[PDB]
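Structure file query_13.cif with mmCIF, N, CA and C atoms:
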data_model
loop_
_atom_site.label_atom_id
_atom_site.label_comp_id
_atom_site.auth_asym_id
_atom_site.auth_seq_id
_atom_site.Cartn_x
_atom_site.Cartn_y
_atom_site.Cartn_z
N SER A 1 -138.43 -190.88 -67.49
CA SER A 1 -137.72 -189.81 -68.22
C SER A 1 -136.68 -189.15 -67.32
N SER A 2 -137.13 -188.34 -66.37
CA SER A 2 -136.23 -187.68 -65.44
C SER A 2 -136.46 -188.18 -64.02
N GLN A 3 -135.42 -188.12 -63.19
CA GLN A 3 -135.51 -188.58 -61.81
C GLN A 3 -136.46 -187.69 -61.03
N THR A 4 -136.25 -186.39 -61.14
CA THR A 4 -137.17 -185.42 -60.57
C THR A 4 -137.95 -184.73 -61.69
N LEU A 5 -139.25 -185.01 -61.76
CA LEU A 5 -140.10 -184.39 -62.76
C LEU A 5 -140.26 -182.91 -62.44
N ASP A 6 -140.51 -182.11 -63.47
CA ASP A 6 -140.65 -180.67 -63.29
C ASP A 6 -141.88 -180.37 -62.46
N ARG A 7 -142.87 -181.26 -62.55
CA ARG A 7 -144.09 -181.17 -61.74
C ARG A 7 -144.84 -179.88 -62.06
N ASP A 8 -144.78 -179.48 -63.32
CA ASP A 8 -145.44 -178.28 -63.79
C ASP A 8 -146.58 -178.62 -64.76
N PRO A 9 -147.77 -178.90 -64.22
CA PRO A 9 -148.93 -179.28 -65.03
C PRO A 9 -149.49 -178.09 -65.81
N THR A 10 -150.12 -178.38 -66.93
CA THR A 10 -150.77 -177.36 -67.72
C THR A 10 -152.28 -177.48 -67.58
N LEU A 11 -152.89 -176.49 -66.95
CA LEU A 11 -154.32 -176.52 -66.70
C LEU A 11 -155.08 -175.87 -67.85
N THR A 12 -156.05 -176.59 -68.37
CA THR A 12 -156.84 -176.11 -69.49
C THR A 12 -158.21 -175.64 -69.00
N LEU A 13 -158.38 -174.33 -68.90
CA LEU A 13 -159.62 -173.76 -68.39
C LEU A 13 -160.47 -173.24 -69.54
N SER A 14 -161.77 -173.38 -69.41
CA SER A 14 -162.69 -172.82 -70.39
C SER A 14 -162.82 -171.31 -70.17
N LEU A 15 -162.95 -170.57 -71.26
CA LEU A 15 -163.13 -169.13 -71.16
C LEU A 15 -164.61 -168.80 -71.04
N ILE A 16 -164.96 -168.03 -70.03
CA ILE A 16 -166.35 -167.64 -69.81
C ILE A 16 -166.50 -166.13 -69.79
N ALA A 17 -167.74 -165.67 -69.78
CA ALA A 17 -168.03 -164.24 -69.75
C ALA A 17 -168.55 -163.84 -68.37
N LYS A 18 -167.87 -162.90 -67.72
CA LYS A 18 -168.25 -162.48 -66.38
C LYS A 18 -168.72 -161.03 -66.37
N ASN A 19 -169.78 -160.76 -65.60
CA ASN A 19 -170.39 -159.43 -65.52
C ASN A 19 -170.81 -158.95 -66.91
N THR A 20 -171.18 -159.90 -67.75
CA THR A 20 -171.53 -159.61 -69.13
C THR A 20 -173.02 -159.31 -69.27
N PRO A 21 -173.36 -158.08 -69.65
CA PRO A 21 -174.75 -157.68 -69.90
C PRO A 21 -175.29 -158.30 -71.18
N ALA A 22 -176.61 -158.29 -71.33
CA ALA A 22 -177.24 -158.87 -72.50
C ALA A 22 -177.19 -157.91 -73.68
N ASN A 23 -176.85 -156.65 -73.39
CA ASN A 23 -176.66 -155.65 -74.43
C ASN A 23 -175.45 -155.99 -75.28
N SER A 24 -174.44 -156.56 -74.63
CA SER A 24 -173.25 -157.02 -75.31
C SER A 24 -173.38 -158.50 -75.62
N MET A 25 -173.67 -158.82 -76.87
CA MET A 25 -173.94 -160.19 -77.24
C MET A 25 -172.73 -160.79 -77.96
N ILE A 26 -172.10 -161.75 -77.30
CA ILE A 26 -170.92 -162.40 -77.85
C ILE A 26 -171.32 -163.38 -78.95
N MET A 27 -170.93 -163.09 -80.18
CA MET A 27 -171.19 -163.99 -81.29
C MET A 27 -169.94 -164.81 -81.61
N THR A 28 -168.97 -164.72 -80.72
CA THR A 28 -167.74 -165.48 -80.83
C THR A 28 -167.75 -166.63 -79.83
N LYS A 29 -167.68 -167.86 -80.32
CA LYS A 29 -167.66 -169.03 -79.46
C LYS A 29 -166.44 -168.99 -78.54
N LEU A 30 -166.65 -169.31 -77.27
CA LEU A 30 -165.62 -169.14 -76.26
C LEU A 30 -164.64 -170.32 -76.26
N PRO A 31 -163.35 -170.02 -76.44
CA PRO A 31 -162.29 -171.03 -76.50
C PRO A 31 -161.80 -171.45 -75.11
N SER A 32 -160.66 -172.12 -75.07
CA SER A 32 -160.09 -172.58 -73.82
C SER A 32 -158.65 -172.07 -73.68
N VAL A 33 -158.26 -171.76 -72.46
CA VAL A 33 -156.93 -171.26 -72.18
C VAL A 33 -156.07 -172.36 -71.56
N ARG A 34 -154.79 -172.38 -71.89
CA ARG A 34 -153.90 -173.42 -71.40
C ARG A 34 -152.80 -172.80 -70.55
N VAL A 35 -152.97 -172.85 -69.24
CA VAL A 35 -152.05 -172.19 -68.34
C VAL A 35 -151.02 -173.16 -67.76
N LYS A 36 -149.76 -172.80 -67.87
CA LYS A 36 -148.69 -173.56 -67.26
C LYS A 36 -148.63 -173.19 -65.79
N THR A 37 -148.74 -174.16 -64.91
CA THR A 37 -148.83 -173.87 -63.49
C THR A 37 -147.78 -174.61 -62.67
N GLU A 38 -147.21 -173.91 -61.70
CA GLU A 38 -146.32 -174.54 -60.74
C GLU A 38 -147.11 -174.94 -59.51
N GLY A 39 -147.62 -176.15 -59.55
CA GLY A 39 -148.43 -176.66 -58.47
C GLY A 39 -149.24 -177.84 -58.92
N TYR A 40 -149.30 -178.87 -58.11
CA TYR A 40 -149.97 -180.09 -58.50
C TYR A 40 -151.32 -180.20 -57.81
N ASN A 41 -152.34 -180.58 -58.57
CA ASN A 41 -153.69 -180.66 -58.04
C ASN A 41 -154.37 -181.96 -58.46
N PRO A 42 -154.45 -182.93 -57.55
CA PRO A 42 -155.18 -184.17 -57.79
C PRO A 42 -156.65 -184.04 -57.40
N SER A 43 -156.98 -182.94 -56.73
CA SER A 43 -158.33 -182.70 -56.24
C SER A 43 -158.98 -181.52 -56.96
N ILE A 44 -158.23 -180.43 -57.12
CA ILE A 44 -158.74 -179.23 -57.78
C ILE A 44 -159.19 -179.56 -59.21
N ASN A 45 -160.34 -179.03 -59.59
CA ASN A 45 -160.92 -179.32 -60.90
C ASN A 45 -160.67 -178.17 -61.87
N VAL A 46 -160.51 -178.50 -63.14
CA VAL A 46 -160.36 -177.48 -64.18
C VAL A 46 -161.73 -176.94 -64.58
N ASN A 47 -162.77 -177.55 -64.02
CA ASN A 47 -164.12 -177.02 -64.12
C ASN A 47 -164.40 -176.15 -62.90
N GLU A 48 -163.61 -176.35 -61.87
CA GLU A 48 -163.71 -175.57 -60.65
C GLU A 48 -162.99 -174.24 -60.84
N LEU A 49 -161.94 -174.28 -61.64
CA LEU A 49 -161.21 -173.08 -62.03
C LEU A 49 -161.75 -172.58 -63.37
N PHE A 50 -161.91 -171.28 -63.50
CA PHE A 50 -162.39 -170.72 -64.75
C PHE A 50 -161.55 -169.52 -65.18
N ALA A 51 -161.51 -169.30 -66.48
CA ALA A 51 -160.92 -168.11 -67.04
C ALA A 51 -162.03 -167.25 -67.62
N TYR A 52 -162.11 -166.01 -67.20
CA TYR A 52 -163.21 -165.16 -67.62
C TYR A 52 -162.71 -163.92 -68.34
N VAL A 53 -163.60 -163.32 -69.11
CA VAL A 53 -163.34 -162.03 -69.71
C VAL A 53 -164.26 -161.00 -69.09
N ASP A 54 -163.67 -159.95 -68.54
CA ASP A 54 -164.44 -158.91 -67.89
C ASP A 54 -165.06 -157.98 -68.92
N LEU A 55 -166.37 -158.05 -69.04
CA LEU A 55 -167.08 -157.23 -70.00
C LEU A 55 -167.84 -156.11 -69.30
N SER A 56 -167.30 -155.67 -68.16
CA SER A 56 -167.85 -154.53 -67.45
C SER A 56 -167.84 -153.31 -68.36
N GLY A 57 -166.74 -153.13 -69.07
CA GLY A 57 -166.66 -152.09 -70.07
C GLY A 57 -167.09 -152.63 -71.41
N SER A 58 -168.39 -152.61 -71.65
CA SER A 58 -168.97 -153.21 -72.84
C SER A 58 -168.64 -152.40 -74.10
N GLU A 59 -167.55 -152.75 -74.75
CA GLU A 59 -167.18 -152.13 -76.01
C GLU A 59 -167.54 -153.04 -77.17
N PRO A 60 -168.59 -152.68 -77.93
CA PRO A 60 -169.05 -153.47 -79.07
C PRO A 60 -168.05 -153.45 -80.23
N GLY A 61 -168.07 -154.51 -81.01
CA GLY A 61 -167.15 -154.65 -82.11
C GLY A 61 -166.13 -155.74 -81.84
N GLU A 62 -165.22 -155.94 -82.78
CA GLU A 62 -164.16 -156.91 -82.59
C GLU A 62 -163.07 -156.27 -81.74
N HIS A 63 -163.03 -156.64 -80.47
CA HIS A 63 -162.14 -156.00 -79.51
C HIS A 63 -161.33 -157.04 -78.75
N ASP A 64 -160.08 -156.71 -78.46
CA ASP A 64 -159.21 -157.63 -77.73
C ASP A 64 -159.48 -157.53 -76.24
N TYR A 65 -159.77 -158.66 -75.62
CA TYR A 65 -160.01 -158.72 -74.19
C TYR A 65 -159.03 -159.66 -73.52
N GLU A 66 -158.72 -159.38 -72.26
CA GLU A 66 -157.76 -160.17 -71.51
C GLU A 66 -158.42 -161.40 -70.89
N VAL A 67 -157.76 -162.54 -71.02
CA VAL A 67 -158.21 -163.76 -70.38
C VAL A 67 -157.81 -163.74 -68.91
N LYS A 68 -158.77 -163.53 -68.04
CA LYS A 68 -158.50 -163.44 -66.62
C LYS A 68 -158.82 -164.76 -65.93
N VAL A 69 -157.79 -165.49 -65.56
CA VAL A 69 -157.96 -166.77 -64.88
C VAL A 69 -158.07 -166.55 -63.38
N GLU A 70 -159.03 -167.21 -62.75
CA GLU A 70 -159.20 -167.13 -61.30
C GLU A 70 -157.97 -167.71 -60.60
N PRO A 71 -157.48 -167.01 -59.56
CA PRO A 71 -156.30 -167.44 -58.79
C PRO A 71 -156.43 -168.88 -58.28
N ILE A 72 -155.38 -169.66 -58.49
CA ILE A 72 -155.39 -171.06 -58.11
C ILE A 72 -154.72 -171.25 -56.76
N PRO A 73 -155.45 -171.80 -55.77
CA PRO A 73 -154.94 -171.99 -54.41
C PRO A 73 -153.70 -172.89 -54.36
N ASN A 74 -152.60 -172.31 -53.86
CA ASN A 74 -151.34 -173.03 -53.62
C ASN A 74 -150.66 -173.45 -54.92
N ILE A 75 -151.08 -172.86 -56.03
CA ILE A 75 -150.50 -173.19 -57.33
C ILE A 75 -150.11 -171.90 -58.06
N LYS A 76 -148.88 -171.86 -58.56
CA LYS A 76 -148.39 -170.68 -59.27
C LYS A 76 -148.88 -170.67 -60.71
N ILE A 77 -149.30 -169.51 -61.18
CA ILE A 77 -149.62 -169.36 -62.59
C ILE A 77 -148.40 -168.84 -63.35
N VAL A 78 -147.91 -169.65 -64.27
CA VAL A 78 -146.73 -169.30 -65.05
C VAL A 78 -147.14 -168.68 -66.38
N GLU A 79 -148.03 -169.35 -67.08
CA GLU A 79 -148.50 -168.87 -68.36
C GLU A 79 -150.00 -168.62 -68.31
N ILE A 80 -150.47 -167.79 -69.21
CA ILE A 80 -151.88 -167.45 -69.27
C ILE A 80 -152.29 -167.26 -70.73
N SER A 81 -151.53 -167.91 -71.61
CA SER A 81 -151.70 -167.77 -73.04
C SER A 81 -152.77 -168.72 -73.57
N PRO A 82 -153.57 -168.28 -74.56
CA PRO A 82 -153.49 -166.92 -75.12
C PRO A 82 -153.91 -165.86 -74.11
N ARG A 83 -153.02 -164.91 -73.89
CA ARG A 83 -153.20 -163.90 -72.86
C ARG A 83 -154.32 -162.94 -73.24
N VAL A 84 -154.47 -162.73 -74.54
CA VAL A 84 -155.49 -161.83 -75.06
C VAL A 84 -156.32 -162.56 -76.11
N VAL A 85 -157.63 -162.40 -76.03
CA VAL A 85 -158.53 -162.99 -77.01
C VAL A 85 -159.34 -161.90 -77.70
N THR A 86 -159.41 -161.98 -79.02
CA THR A 86 -160.15 -161.01 -79.79
C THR A 86 -161.61 -161.44 -79.90
N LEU A 87 -162.46 -160.83 -79.10
CA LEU A 87 -163.87 -161.19 -79.06
C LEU A 87 -164.71 -160.12 -79.73
N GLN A 88 -165.64 -160.55 -80.57
CA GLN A 88 -166.53 -159.62 -81.24
C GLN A 88 -167.83 -159.48 -80.47
N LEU A 89 -167.97 -158.38 -79.75
CA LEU A 89 -169.21 -158.09 -79.06
C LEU A 89 -170.18 -157.45 -80.02
N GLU A 90 -171.30 -158.09 -80.20
CA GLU A 90 -172.29 -157.60 -81.13
C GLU A 90 -173.39 -156.87 -80.39
N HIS A 91 -173.97 -155.89 -81.06
CA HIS A 91 -175.04 -155.09 -80.49
C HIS A 91 -176.30 -155.93 -80.38
N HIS A 92 -176.86 -156.03 -79.19
CA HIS A 92 -178.14 -156.70 -79.02
C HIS A 92 -179.25 -155.70 -79.30
N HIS A 93 -178.86 -154.45 -79.44
CA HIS A 93 -179.75 -153.39 -79.87
C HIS A 93 -179.32 -152.87 -81.23
N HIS A 94 -180.20 -152.97 -82.20
CA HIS A 94 -179.93 -152.47 -83.54
C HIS A 94 -181.03 -151.51 -83.96
N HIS A 95 -180.84 -150.87 -85.10
CA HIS A 95 -181.88 -150.04 -85.67
C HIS A 95 -182.69 -150.92 -86.61
N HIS A 96 -182.02 -151.36 -87.68
CA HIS A 96 -182.53 -152.39 -88.58
C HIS A 96 -181.60 -152.51 -89.76
#
As structure tokens, what does this structure read like?
Amino acid sequence: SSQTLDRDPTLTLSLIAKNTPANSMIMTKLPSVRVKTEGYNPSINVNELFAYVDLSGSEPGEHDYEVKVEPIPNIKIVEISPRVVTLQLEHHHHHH
């Protein structure tokens, strides 16, 4: 195609829950984020890299949370979309 390739791979990381208490029960299946990166990795794994949602501030309900991707060594993060994911945190404590 081109003489010099752009060399900008798109890393697909799974979204996980970090610092997530059991009080905040995610009933939303966790999707995957597709980050455009300036940096080539024949060794680095997309299972080695993860994108997490910080649930330190456990706000129950359908709430928008930021997809926080772990910094990639020697590789630039260009995109982080979907940048925000709407996750429904359900109460693990109910009345009835």
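Minimum atom-to-atom distances from A:62, A:39, A:24, A:55 to residue A:74 were compared using only N, CA and C atoms, and the lowest value belongs to A:39.
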Just the number, please: distance in Å from atom CA of residue A:32 to atom CA of residue A:88, one decimal.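 Calculated distance between atom CA of residue A:32 and atom CA of residue A:88 is 16.3 Å.
For the set A:54, A:70, A:64, A:8, the residue with the smallest atom-to-atom gap to residue A:40 is A:8, counting all atoms listed in the file.
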Report the residues retrieved by the PyMOL selection byres ((chain A and resi 12-20) around 6) from the displayed file, expressed as a PyMOL selection string. chain A and resi 10-11+21-22+30-35+46+49-56
Gap from atom CA of residue A:72 to atom CA of residue A:28 - Å, one decimal: 26.5 Å
Mind pulling up the distance from atom N of residue A:69 to atom N of residue A:45?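 The value is 15.0 Å.
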Kindly indicate which residue among A:29, A:61, A:5, A:67 lies nearest to residue A:81, using all atoms listed in the file for the distances.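 Nearest candidate to residue A:81 out of A:29, A:61, A:5, A:67: A:67.
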As AutoDock Vina command-line options, what would the box around stretch 66-72 of chain A look like: edges along x, y and z, 5 Å added on every side, centre and edge lengths in Å to one decimal?
--center_x -157.0 --center_y -165.3 --center_z -64.5 --size_x 14.5 --size_y 21.9 --size_z 25.5
Strand (DSSP E) per DSSP on the backbone: members of stretch 31-88 of chain A, as a short mmCIF file (atom, residue, chain, number, x, y, z; two decimals) with N, CA and C atoms, in the coordinates of the input:
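So the final result, stored in result_18.cif, reads:
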data_model
loop_
_atom_site.label_atom_id
_atom_site.label_comp_id
_atom_site.auth_asym_id
_atom_site.auth_seq_id
_atom_site.Cartn_x
_atom_site.Cartn_y
_atom_site.Cartn_z
N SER A 32 -160.66 -172.12 -75.07
CA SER A 32 -160.09 -172.58 -73.82
C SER A 32 -158.65 -172.07 -73.68
N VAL A 33 -158.26 -171.76 -72.46
CA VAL A 33 -156.93 -171.26 -72.18
C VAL A 33 -156.07 -172.36 -71.56
N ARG A 34 -154.79 -172.38 -71.89
CA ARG A 34 -153.90 -173.42 -71.40
C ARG A 34 -152.80 -172.80 -70.55
N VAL A 35 -152.97 -172.85 -69.24
CA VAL A 35 -152.05 -172.19 -68.34
C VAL A 35 -151.02 -173.16 -67.76
N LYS A 36 -149.76 -172.80 -67.87
CA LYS A 36 -148.69 -173.56 -67.26
C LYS A 36 -148.63 -173.19 -65.79
N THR A 37 -148.74 -174.16 -64.91
CA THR A 37 -148.83 -173.87 -63.49
C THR A 37 -147.78 -174.61 -62.67
N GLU A 38 -147.21 -173.91 -61.70
CA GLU A 38 -146.32 -174.54 -60.74
C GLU A 38 -147.11 -174.94 -59.51
N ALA A 51 -161.51 -169.30 -66.48
CA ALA A 51 -160.92 -168.11 -67.04
C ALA A 51 -162.03 -167.25 -67.62
N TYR A 52 -162.11 -166.01 -67.20
CA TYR A 52 -163.21 -165.16 -67.62
C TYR A 52 -162.71 -163.92 -68.34
N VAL A 53 -163.60 -163.32 -69.11
CA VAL A 53 -163.34 -162.03 -69.71
C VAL A 53 -164.26 -161.00 -69.09
N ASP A 54 -163.67 -159.95 -68.54
CA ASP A 54 -164.44 -158.91 -67.89
C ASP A 54 -165.06 -157.98 -68.92
N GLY A 61 -168.07 -154.51 -81.01
CA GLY A 61 -167.15 -154.65 -82.11
C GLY A 61 -166.13 -155.74 -81.84
N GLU A 62 -165.22 -155.94 -82.78
CA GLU A 62 -164.16 -156.91 -82.59
C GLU A 62 -163.07 -156.27 -81.74
N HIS A 63 -163.03 -156.64 -80.47
CA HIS A 63 -162.14 -156.00 -79.51
C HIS A 63 -161.33 -157.04 -78.75
N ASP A 64 -160.08 -156.71 -78.46
CA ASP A 64 -159.21 -157.63 -77.73
C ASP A 64 -159.48 -157.53 -76.24
N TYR A 65 -159.77 -158.66 -75.62
CA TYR A 65 -160.01 -158.72 -74.19
C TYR A 65 -159.03 -159.66 -73.52
N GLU A 66 -158.72 -159.38 -72.26
CA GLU A 66 -157.76 -160.17 -71.51
C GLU A 66 -158.42 -161.40 -70.89
N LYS A 68 -158.77 -163.53 -68.04
CA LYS A 68 -158.50 -163.44 -66.62
C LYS A 68 -158.82 -164.76 -65.93
N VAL A 69 -157.79 -165.49 -65.56
CA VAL A 69 -157.96 -166.77 -64.88
C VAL A 69 -158.07 -166.55 -63.38
N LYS A 76 -148.88 -171.86 -58.56
CA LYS A 76 -148.39 -170.68 -59.27
C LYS A 76 -148.88 -170.67 -60.71
N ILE A 77 -149.30 -169.51 -61.18
CA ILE A 77 -149.62 -169.36 -62.59
C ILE A 77 -148.40 -168.84 -63.35
N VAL A 84 -154.47 -162.73 -74.54
CA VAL A 84 -155.49 -161.83 -75.06
C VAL A 84 -156.32 -162.56 -76.11
N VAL A 85 -157.63 -162.40 -76.03
CA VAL A 85 -158.53 -162.99 -77.01
C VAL A 85 -159.34 -161.90 -77.70
N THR A 86 -159.41 -161.98 -79.02
CA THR A 86 -160.15 -161.01 -79.79
C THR A 86 -161.61 -161.44 -79.90
N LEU A 87 -162.46 -160.83 -79.10
CA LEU A 87 -163.87 -161.19 -79.06
C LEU A 87 -164.71 -160.12 -79.73
N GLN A 88 -165.64 -160.55 -80.57
CA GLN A 88 -166.53 -159.62 -81.24
C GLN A 88 -167.83 -159.48 -80.47
#
Would you mind telling me which residue in A:80, A:75, A:25, A:44 lies nearest to residue A:94 when using only C-alpha atoms? A:25
With only N, CA and C atoms as the basis for distance, which of A:36, A:96, A:86, A:4 is at the shortest distance from residue A:63? A:86
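Distances from A:66, A:76, A:23, A:3 to residue A:93 were compared using all atoms listed in the file, and the smallest one belongs to A:23.
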If I only have part of stretch 10-26 of chain A, can you fill in N, CA, C and O atoms and write it as a short mmCIF file (atom, residue, chain, number, x, y, z; two decimals), in the coordinates of the input?
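Written output follows (part38.cif):
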data_model
loop_
_atom_site.label_atom_id
_atom_site.label_comp_id
_atom_site.auth_asym_id
_atom_site.auth_seq_id
_atom_site.Cartn_x
_atom_site.Cartn_y
_atom_site.Cartn_z
N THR A 10 -150.12 -178.38 -66.93
CA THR A 10 -150.77 -177.36 -67.72
C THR A 10 -152.28 -177.48 -67.58
O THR A 10 -152.88 -178.47 -68.01
N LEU A 11 -152.89 -176.49 -66.95
CA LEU A 11 -154.32 -176.52 -66.70
C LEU A 11 -155.08 -175.87 -67.85
O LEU A 11 -154.77 -174.75 -68.27
N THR A 12 -156.05 -176.59 -68.37
CA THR A 12 -156.84 -176.11 -69.49
C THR A 12 -158.21 -175.64 -69.00
O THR A 12 -159.09 -176.45 -68.71
N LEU A 13 -158.38 -174.33 -68.90
CA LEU A 13 -159.62 -173.76 -68.39
C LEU A 13 -160.47 -173.24 -69.54
O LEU A 13 -159.94 -172.72 -70.52
N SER A 14 -161.77 -173.38 -69.41
CA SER A 14 -162.69 -172.82 -70.39
C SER A 14 -162.82 -171.31 -70.17
O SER A 14 -162.78 -170.84 -69.03
N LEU A 15 -162.95 -170.57 -71.26
CA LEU A 15 -163.13 -169.13 -71.16
C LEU A 15 -164.61 -168.80 -71.04
O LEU A 15 -165.42 -169.27 -71.84
N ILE A 16 -164.96 -168.03 -70.03
CA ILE A 16 -166.35 -167.64 -69.81
C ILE A 16 -166.50 -166.13 -69.79
O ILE A 16 -165.51 -165.39 -69.78
N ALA A 17 -167.74 -165.67 -69.78
CA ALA A 17 -168.03 -164.24 -69.75
C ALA A 17 -168.55 -163.84 -68.37
O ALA A 17 -169.55 -164.39 -67.89
N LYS A 18 -167.87 -162.90 -67.72
CA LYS A 18 -168.25 -162.48 -66.38
C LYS A 18 -168.72 -161.03 -66.37
O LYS A 18 -168.14 -160.19 -67.07
N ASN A 19 -169.78 -160.76 -65.60
CA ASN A 19 -170.39 -159.43 -65.52
C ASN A 19 -170.81 -158.95 -66.91
O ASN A 19 -170.82 -157.75 -67.20
N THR A 20 -171.18 -159.90 -67.75
CA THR A 20 -171.53 -159.61 -69.13
C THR A 20 -173.02 -159.31 -69.27
O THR A 20 -173.86 -160.18 -69.02
N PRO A 21 -173.36 -158.08 -69.65
CA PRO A 21 -174.75 -157.68 -69.90
C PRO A 21 -175.29 -158.30 -71.18
O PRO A 21 -174.53 -158.77 -72.02
N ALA A 22 -176.61 -158.29 -71.33
CA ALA A 22 -177.24 -158.87 -72.50
C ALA A 22 -177.19 -157.91 -73.68
O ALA A 22 -177.46 -158.28 -74.82
N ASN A 23 -176.85 -156.65 -73.39
CA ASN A 23 -176.66 -155.65 -74.43
C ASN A 23 -175.45 -155.99 -75.28
O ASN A 23 -175.42 -155.75 -76.49
N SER A 24 -174.44 -156.56 -74.63
CA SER A 24 -173.25 -157.02 -75.31
C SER A 24 -173.38 -158.50 -75.62
O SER A 24 -173.22 -159.35 -74.74
N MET A 25 -173.67 -158.82 -76.87
CA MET A 25 -173.94 -160.19 -77.24
C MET A 25 -172.73 -160.79 -77.96
O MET A 25 -172.38 -160.39 -79.06
N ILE A 26 -172.10 -161.75 -77.30
CA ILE A 26 -170.92 -162.40 -77.85
C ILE A 26 -171.32 -163.38 -78.95
O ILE A 26 -171.99 -164.38 -78.68
#
